[PDB]
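Peer 1: Next comes entry-v4.txt, compact mmCIF, C-alpha atoms and all ligand atoms:
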```
# COMPACT_ATOMS: atom_id res chain seq x y z
CA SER A 42 156.35 158.58 115.31
CA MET A 43 156.59 154.75 115.72
CA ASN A 44 154.60 152.26 113.65
CA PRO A 45 151.76 150.39 115.35
CA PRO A 46 151.26 146.67 115.00
CA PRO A 47 149.74 145.99 111.57
CA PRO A 48 146.05 145.22 111.10
CA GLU A 49 145.06 141.64 111.84
CA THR A 50 145.49 139.21 108.91
CA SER A 51 145.17 135.88 110.80
CA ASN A 52 142.65 134.81 113.45
CA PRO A 53 141.86 131.07 113.57
CA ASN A 54 138.71 131.68 115.67
CA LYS A 55 137.19 134.16 113.18
CA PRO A 56 134.76 132.15 111.01
CA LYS A 57 135.57 132.21 107.29
CA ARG A 58 133.97 131.64 103.89
CA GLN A 59 135.20 131.05 100.33
CA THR A 60 132.58 132.51 98.02
CA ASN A 61 132.21 133.72 94.47
CA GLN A 62 132.04 137.39 95.59
CA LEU A 63 135.24 137.06 97.66
CA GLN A 64 136.93 135.24 94.76
CA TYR A 65 136.00 138.22 92.53
CA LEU A 66 137.44 140.65 95.09
CA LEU A 67 140.80 138.81 94.78
CA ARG A 68 140.89 137.84 91.10
CA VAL A 69 139.38 141.08 89.70
CA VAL A 70 139.41 143.89 92.27
CA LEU A 71 142.69 143.40 94.16
CA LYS A 72 144.57 142.16 91.09
CA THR A 73 143.43 145.16 88.96
CA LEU A 74 144.53 147.71 91.57
CA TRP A 75 147.73 145.83 92.54
CA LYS A 76 149.19 145.82 89.01
CA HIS A 77 148.45 149.54 88.41
CA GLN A 78 151.33 152.02 88.07
CA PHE A 79 150.05 153.92 91.15
CA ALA A 80 149.75 150.86 93.43
CA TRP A 81 153.21 151.03 95.02
CA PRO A 82 152.45 153.40 97.97
CA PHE A 83 149.43 151.22 98.91
CA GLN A 84 151.04 147.73 98.71
CA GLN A 85 152.04 147.60 102.40
CA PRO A 86 151.14 149.35 105.67
CA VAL A 87 152.21 152.99 105.94
CA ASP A 88 155.74 152.94 107.38
CA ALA A 89 155.73 156.22 109.29
CA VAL A 90 159.44 155.84 110.15
CA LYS A 91 160.68 155.20 106.60
CA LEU A 92 158.36 157.85 105.11
CA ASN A 93 158.95 160.46 107.88
CA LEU A 94 155.24 160.78 108.74
CA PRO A 95 155.56 161.12 112.52
CA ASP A 96 151.90 162.24 112.90
CA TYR A 97 150.32 159.63 110.59
CA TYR A 98 149.14 157.24 113.34
CA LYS A 99 148.17 160.17 115.59
CA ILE A 100 145.52 160.94 112.93
CA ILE A 101 144.78 157.56 111.28
CA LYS A 102 143.33 155.13 113.83
CA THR A 103 141.99 152.49 111.39
CA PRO A 104 144.97 151.88 109.09
CA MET A 105 144.49 149.82 105.95
CA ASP A 106 146.51 148.99 102.83
CA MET A 107 146.39 146.58 99.89
CA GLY A 108 149.18 144.39 101.34
CA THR A 109 146.88 143.69 104.28
CA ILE A 110 143.86 143.20 101.97
CA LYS A 111 145.86 140.82 99.75
CA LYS A 112 146.87 138.74 102.82
CA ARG A 113 143.27 138.75 104.07
CA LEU A 114 141.96 137.53 100.69
CA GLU A 115 144.74 134.97 100.03
CA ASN A 116 144.45 133.60 103.61
CA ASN A 117 140.56 133.51 103.55
CA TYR A 118 140.22 135.97 106.46
CA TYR A 119 136.78 137.26 105.47
CA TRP A 120 133.23 136.07 105.99
CA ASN A 121 131.72 138.35 103.33
CA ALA A 122 132.50 140.77 100.49
CA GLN A 123 131.25 143.85 102.46
CA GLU A 124 134.14 143.36 104.96
CA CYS A 125 136.69 143.51 102.14
CA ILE A 126 134.96 146.39 100.31
CA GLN A 127 135.07 148.29 103.63
CA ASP A 128 138.86 147.69 103.85
CA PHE A 129 139.37 149.27 100.42
CA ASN A 130 137.20 152.24 101.38
CA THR A 131 139.09 152.67 104.66
CA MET A 132 142.36 152.73 102.71
CA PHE A 133 141.12 155.45 100.33
CA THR A 134 139.51 157.53 103.11
CA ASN A 135 142.66 157.43 105.24
CA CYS A 136 144.67 158.82 102.32
CA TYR A 137 142.15 161.63 101.72
CA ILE A 138 142.05 162.51 105.44
CA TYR A 139 145.81 162.54 106.03
CA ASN A 140 146.94 164.38 102.89
CA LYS A 141 146.16 167.69 101.14
CA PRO A 142 143.75 167.84 98.16
CA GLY A 143 145.53 167.23 94.84
CA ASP A 144 148.74 165.85 96.47
CA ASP A 145 150.35 163.12 94.35
CA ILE A 146 149.32 160.35 96.80
CA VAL A 147 145.68 161.63 96.67
CA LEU A 148 145.62 161.59 92.82
CA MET A 149 147.02 158.05 93.02
CA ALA A 150 144.29 156.94 95.45
CA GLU A 151 141.64 158.62 93.27
CA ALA A 152 142.80 156.70 90.17
CA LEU A 153 142.76 153.39 92.08
CA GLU A 154 139.35 154.24 93.56
CA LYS A 155 137.92 154.92 90.08
CA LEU A 156 138.91 151.37 89.03
CA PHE A 157 137.63 149.98 92.36
CA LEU A 158 134.21 151.61 91.84
CA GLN A 159 133.95 150.24 88.29
CA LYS A 160 134.76 146.71 89.49
CA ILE A 161 132.39 146.90 92.52
CA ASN A 162 129.58 148.08 90.20
CA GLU A 163 130.01 144.62 88.49
CA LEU A 164 130.23 142.61 91.76
CA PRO A 165 128.79 139.19 90.80
CA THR A 166 125.46 137.96 92.15
CA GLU A 167 125.93 135.68 95.22
CA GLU A 168 125.71 132.02 94.12
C1 LIG B 201 149.31 155.50 101.84
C2 LIG B 201 149.98 156.76 102.17
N1 LIG B 201 149.13 157.78 102.54
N2 LIG B 201 149.51 158.99 102.82
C3 LIG B 201 150.79 159.30 102.59
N3 LIG B 201 151.41 160.48 102.73
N4 LIG B 201 152.71 160.41 102.34
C4 LIG B 201 152.96 159.13 102.08
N5 LIG B 201 154.22 158.74 101.78
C5 LIG B 201 151.77 158.36 102.19
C6 LIG B 201 151.35 157.02 101.97
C7 LIG B 201 152.27 155.92 101.53
```
Kindly present the structure from the file in structure tokens form.
Peer 2:
Amino acid sequence: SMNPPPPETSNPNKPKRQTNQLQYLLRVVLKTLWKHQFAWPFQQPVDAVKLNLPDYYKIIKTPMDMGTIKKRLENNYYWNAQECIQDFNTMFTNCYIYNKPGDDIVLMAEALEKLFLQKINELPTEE
């Protein structure tokens, strides 16, 4: 029923890059999903105490959220775009695992994922 430590967003010994694909993941992908009317449940780690989800972290062992992704992008945490794309997919999958089909949070994730997929289809060529 307690919250775990959040996912890592800082690690000075992890090697980093600033690349056109990662810039697209911030400027297009994250910004598109973040401004959406359904973003709010996904803008920070799941707070199992506040939201009365005492079993969430019993079930979800690889937590992820757009607040974490935003910090990772803004603080140049990544080496490559695949790492960030995986974080988005982990976030959506966790929601689909934890919740019932057609629940409001699942419809919200699905709408964000539809936009995500459209933007990833247009991921720029690596320069
Ligand atoms: C991301 C997330 N996923 N599953 C959920 N179930 N109920 C919630 N409040 C909730 C949230 C915020």
Peer 1: Ligand LIG 201 (chain B): which residues are within 9 Å, counting only C-alpha atoms and all ligand atoms, as number ranges by chain?
Peer 2: A: 81-89, 91-94, 97, 105-106, 132-133, 135-140, 144-147, 150
Peer 1: Please produce an output containing C-alpha atoms for each residue in the selection, written as a tab-separated table (two decimals), keeping the file's coordinate frame.
Peer 2:
```
chain	number	residue	atom	x	y	z
A	81	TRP	CA	153.21	151.03	95.02
A	82	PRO	CA	152.45	153.40	97.97
A	83	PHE	CA	149.43	151.22	98.91
A	84	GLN	CA	151.04	147.73	98.71
A	85	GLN	CA	152.04	147.60	102.40
A	86	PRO	CA	151.14	149.35	105.67
A	87	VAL	CA	152.21	152.99	105.94
A	88	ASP	CA	155.74	152.94	107.38
A	89	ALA	CA	155.73	156.22	109.29
A	91	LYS	CA	160.68	155.20	106.60
A	92	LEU	CA	158.36	157.85	105.11
A	93	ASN	CA	158.95	160.46	107.88
A	94	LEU	CA	155.24	160.78	108.74
A	97	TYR	CA	150.32	159.63	110.59
A	105	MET	CA	144.49	149.82	105.95
A	106	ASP	CA	146.51	148.99	102.83
A	132	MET	CA	142.36	152.73	102.71
A	133	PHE	CA	141.12	155.45	100.33
A	135	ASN	CA	142.66	157.43	105.24
A	136	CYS	CA	144.67	158.82	102.32
A	137	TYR	CA	142.15	161.63	101.72
A	138	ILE	CA	142.05	162.51	105.44
A	139	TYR	CA	145.81	162.54	106.03
A	140	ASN	CA	146.94	164.38	102.89
A	144	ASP	CA	148.74	165.85	96.47
A	145	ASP	CA	150.35	163.12	94.35
A	146	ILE	CA	149.32	160.35	96.80
A	147	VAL	CA	145.68	161.63	96.67
A	150	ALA	CA	144.29	156.94	95.45
```
Peer 1: Residues at most 6 Å from segment 118-123 of chain A, counting all atoms listed in the file, excluding those fewer than 5 positions away in the same chain, as a PyMOL selection string?
Peer 2: chain A and resi 57-58+62-63+113
Peer 1: With all atoms listed in the file as the atoms that count, which of A:163, A:154, A:115, A:168 lies nearest to residue 60 of chain A?
Peer 2: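 Selected residue with least distance to residue 60 of chain A: A:168.
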Peer 1: What gap, in Å, lies between atom CA of residue 109 of chain A and atom CA of residue 61 of chain A?
Peer 2: 20.3 Å
Peer 1: Rounded to one decimal place, report the atom CA of residue 101 of chain A-atom CA of residue 64 of chain A distance in Å.
Peer 2: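 Atom CA of residue 64 of chain A lies at a distance of 28.9 Å from atom CA of residue 101 of chain A.
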Peer 1: From the set A:74, A:69, A:161, A:117, which residue has the shortest atom-to-atom contact distance to residue 53 of chain A, counting all atoms listed in the file?
Peer 2: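 Comparing A:74, A:69, A:161, A:117 against residue 53 of chain A, the winner is A:117.
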Peer 1: Between A:157, A:44, A:142, A:167, which one has atoms that come closest to residue 125 of chain A, using only C-alpha atoms?
Peer 2: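 For residue 125 of chain A, the nearest of the given residues is A:157.
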Peer 1: Please provide as an mmCIF file with C-alpha atoms, in the coordinates of the input all residues within 10 Å of residue 77 of chain A, with the sequence filter that same-chain residues fewer than 3 positions apart are discarded (counting all atoms listed in the file).
Peer 2:
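New file around.cif:
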```
data_model
loop_
_atom_site.group_PDB
_atom_site.id
_atom_site.type_symbol
_atom_site.label_atom_id
_atom_site.label_comp_id
_atom_site.auth_asym_id
_atom_site.auth_seq_id
_atom_site.Cartn_x
_atom_site.Cartn_y
_atom_site.Cartn_z
ATOM 1 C CA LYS A 72 144.570 142.160 91.090
ATOM 2 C CA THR A 73 143.430 145.160 88.960
ATOM 3 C CA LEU A 74 144.530 147.710 91.570
ATOM 4 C CA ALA A 80 149.750 150.860 93.430
ATOM 5 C CA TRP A 81 153.210 151.030 95.020
ATOM 6 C CA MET A 149 147.020 158.050 93.020
ATOM 7 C CA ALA A 152 142.800 156.700 90.170
ATOM 8 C CA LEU A 153 142.760 153.390 92.080
ATOM 9 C CA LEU A 156 138.910 151.370 89.030
#
```
Peer 1: Counting all atoms listed in the file, figure out which residue out of A:134, A:159, A:50, A:59 gets nearest to residue 110 of chain A.
Peer 2: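 Using all atoms listed in the file, residue 110 of chain A sits closest to A:50.
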Peer 1: Which is closest to residue 66 of chain A among A:151, A:126, A:141, A:42, if we use only C-alpha atoms?
Peer 2: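 Comparing A:151, A:126, A:141, A:42 against residue 66 of chain A, the winner is A:126.
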Peer 1: Pick the closest to residue 162 of chain A from A:70, A:128, A:114, A:102: which is it, counting all atoms listed in the file?
Peer 2: A:70
Peer 1: Could you tell me how far atom CA of residue 75 of chain A lies from atom CA of residue 107 of chain A, in Å and to one decimal?
Peer 2: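 Separation of atom CA of residue 75 of chain A and atom CA of residue 107 of chain A: 7.5 Å.
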Peer 1: Take segment 122-153 of chain A, model N, CA and C atoms, and hand the result over as a PDB file, in the frame of the given file.
Peer 2:
```pdb
ATOM      1  N   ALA A 122     131.902 139.765 101.386  1.00  0.00           N
ATOM      2  CA  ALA A 122     132.500 140.770 100.490  1.00  0.00           C
ATOM      3  C   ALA A 122     132.433 142.163 101.113  1.00  0.00           C
ATOM      4  N   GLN A 123     131.384 142.497 101.852  1.00  0.00           N
ATOM      5  CA  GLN A 123     131.250 143.850 102.460  1.00  0.00           C
ATOM      6  C   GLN A 123     132.457 144.125 103.356  1.00  0.00           C
ATOM      7  N   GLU A 124     132.962 143.135 104.105  1.00  0.00           N
ATOM      8  CA  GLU A 124     134.140 143.360 104.960  1.00  0.00           C
ATOM      9  C   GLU A 124     135.329 143.823 104.142  1.00  0.00           C
ATOM     10  N   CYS A 125     135.537 143.206 102.983  1.00  0.00           N
ATOM     11  CA  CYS A 125     136.690 143.510 102.140  1.00  0.00           C
ATOM     12  C   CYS A 125     136.501 144.872 101.444  1.00  0.00           C
ATOM     13  N   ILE A 126     135.305 145.088 100.924  1.00  0.00           N
ATOM     14  CA  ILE A 126     134.960 146.390 100.310  1.00  0.00           C
ATOM     15  C   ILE A 126     135.208 147.492 101.337  1.00  0.00           C
ATOM     16  N   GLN A 127     134.823 147.284 102.594  1.00  0.00           N
ATOM     17  CA  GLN A 127     135.070 148.290 103.630  1.00  0.00           C
ATOM     18  C   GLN A 127     136.565 148.534 103.791  1.00  0.00           C
ATOM     19  N   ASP A 128     137.394 147.489 103.746  1.00  0.00           N
ATOM     20  CA  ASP A 128     138.860 147.690 103.850  1.00  0.00           C
ATOM     21  C   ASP A 128     139.363 148.600 102.736  1.00  0.00           C
ATOM     22  N   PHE A 129     138.940 148.364 101.507  1.00  0.00           N
ATOM     23  CA  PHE A 129     139.370 149.270 100.420  1.00  0.00           C
ATOM     24  C   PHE A 129     138.928 150.704 100.710  1.00  0.00           C
ATOM     25  N   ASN A 130     137.686 150.887 101.106  1.00  0.00           N
ATOM     26  CA  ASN A 130     137.200 152.240 101.380  1.00  0.00           C
ATOM     27  C   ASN A 130     137.949 152.884 102.527  1.00  0.00           C
ATOM     28  N   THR A 131     138.279 152.124 103.565  1.00  0.00           N
ATOM     29  CA  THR A 131     139.090 152.670 104.660  1.00  0.00           C
ATOM     30  C   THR A 131     140.430 153.150 104.122  1.00  0.00           C
ATOM     31  N   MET A 132     141.068 152.343 103.296  1.00  0.00           N
ATOM     32  CA  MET A 132     142.360 152.730 102.710  1.00  0.00           C
ATOM     33  C   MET A 132     142.249 154.062 101.964  1.00  0.00           C
ATOM     34  N   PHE A 133     141.253 154.195 101.105  1.00  0.00           N
ATOM     35  CA  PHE A 133     141.120 155.450 100.330  1.00  0.00           C
ATOM     36  C   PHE A 133     140.828 156.623 101.273  1.00  0.00           C
ATOM     37  N   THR A 134     139.885 156.440 102.196  1.00  0.00           N
ATOM     38  CA  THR A 134     139.510 157.530 103.110  1.00  0.00           C
ATOM     39  C   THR A 134     140.707 157.977 103.950  1.00  0.00           C
ATOM     40  N   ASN A 135     141.503 157.033 104.443  1.00  0.00           N
ATOM     41  CA  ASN A 135     142.660 157.430 105.240  1.00  0.00           C
ATOM     42  C   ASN A 135     143.582 158.347 104.439  1.00  0.00           C
ATOM     43  N   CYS A 136     143.787 158.021 103.175  1.00  0.00           N
ATOM     44  CA  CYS A 136     144.670 158.820 102.320  1.00  0.00           C
ATOM     45  C   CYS A 136     144.096 160.225 102.175  1.00  0.00           C
ATOM     46  N   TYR A 137     142.794 160.321 101.931  1.00  0.00           N
ATOM     47  CA  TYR A 137     142.150 161.630 101.720  1.00  0.00           C
ATOM     48  C   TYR A 137     142.160 162.431 103.016  1.00  0.00           C
ATOM     49  N   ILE A 138     141.994 161.802 104.154  1.00  0.00           N
ATOM     50  CA  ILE A 138     142.050 162.510 105.440  1.00  0.00           C
ATOM     51  C   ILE A 138     143.464 163.025 105.676  1.00  0.00           C
ATOM     52  N   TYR A 139     144.451 162.167 105.589  1.00  0.00           N
ATOM     53  CA  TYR A 139     145.810 162.540 106.030  1.00  0.00           C
ATOM     54  C   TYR A 139     146.434 163.618 105.152  1.00  0.00           C
ATOM     55  N   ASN A 140     146.184 163.563 103.872  1.00  0.00           N
ATOM     56  CA  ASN A 140     146.940 164.380 102.890  1.00  0.00           C
ATOM     57  C   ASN A 140     146.134 165.588 102.420  1.00  0.00           C
ATOM     58  N   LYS A 141     146.781 166.464 101.683  1.00  0.00           N
ATOM     59  CA  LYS A 141     146.160 167.690 101.140  1.00  0.00           C
ATOM     60  C   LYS A 141     145.493 167.377  99.801  1.00  0.00           C
ATOM     61  N   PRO A 142     144.408 168.106  99.434  1.00  0.00           N
ATOM     62  CA  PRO A 142     143.750 167.840  98.160  1.00  0.00           C
ATOM     63  C   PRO A 142     144.756 168.013  97.019  1.00  0.00           C
ATOM     64  N   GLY A 143     144.690 167.122  96.042  1.00  0.00           N
ATOM     65  CA  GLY A 143     145.530 167.230  94.840  1.00  0.00           C
ATOM     66  C   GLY A 143     146.978 166.808  95.090  1.00  0.00           C
ATOM     67  N   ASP A 144     147.384 166.413  96.292  1.00  0.00           N
ATOM     68  CA  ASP A 144     148.740 165.850  96.470  1.00  0.00           C
ATOM     69  C   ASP A 144     148.885 164.613  95.590  1.00  0.00           C
ATOM     70  N   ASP A 145     150.110 164.295  95.222  1.00  0.00           N
ATOM     71  CA  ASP A 145     150.350 163.120  94.350  1.00  0.00           C
ATOM     72  C   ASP A 145     149.724 161.860  94.932  1.00  0.00           C
ATOM     73  N   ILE A 146     149.854 161.620  96.228  1.00  0.00           N
ATOM     74  CA  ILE A 146     149.320 160.350  96.800  1.00  0.00           C
ATOM     75  C   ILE A 146     147.782 160.353  96.677  1.00  0.00           C
ATOM     76  N   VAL A 147     147.165 161.527  96.785  1.00  0.00           N
ATOM     77  CA  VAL A 147     145.680 161.630  96.670  1.00  0.00           C
ATOM     78  C   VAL A 147     145.235 161.340  95.229  1.00  0.00           C
ATOM     79  N   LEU A 148     145.941 161.883  94.243  1.00  0.00           N
ATOM     80  CA  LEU A 148     145.620 161.590  92.820  1.00  0.00           C
ATOM     81  C   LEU A 148     145.787 160.086  92.565  1.00  0.00           C
ATOM     82  N   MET A 149     146.790 159.485  93.190  1.00  0.00           N
ATOM     83  CA  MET A 149     147.020 158.050  93.020  1.00  0.00           C
ATOM     84  C   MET A 149     145.836 157.267  93.599  1.00  0.00           C
ATOM     85  N   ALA A 150     145.448 157.583  94.829  1.00  0.00           N
ATOM     86  CA  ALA A 150     144.290 156.940  95.450  1.00  0.00           C
ATOM     87  C   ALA A 150     143.052 157.142  94.592  1.00  0.00           C
ATOM     88  N   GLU A 151     142.839 158.344  94.058  1.00  0.00           N
ATOM     89  CA  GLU A 151     141.640 158.620  93.270  1.00  0.00           C
ATOM     90  C   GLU A 151     141.611 157.717  92.038  1.00  0.00           C
ATOM     91  N   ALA A 152     142.748 157.538  91.382  1.00  0.00           N
ATOM     92  CA  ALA A 152     142.800 156.700  90.170  1.00  0.00           C
ATOM     93  C   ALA A 152     142.496 155.247  90.529  1.00  0.00           C
ATOM     94  N   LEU A 153     143.048 154.769  91.637  1.00  0.00           N
ATOM     95  CA  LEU A 153     142.760 153.390  92.080  1.00  0.00           C
ATOM     96  C   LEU A 153     141.293 153.279  92.463  1.00  0.00           C
TER      97      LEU A 153
END
```
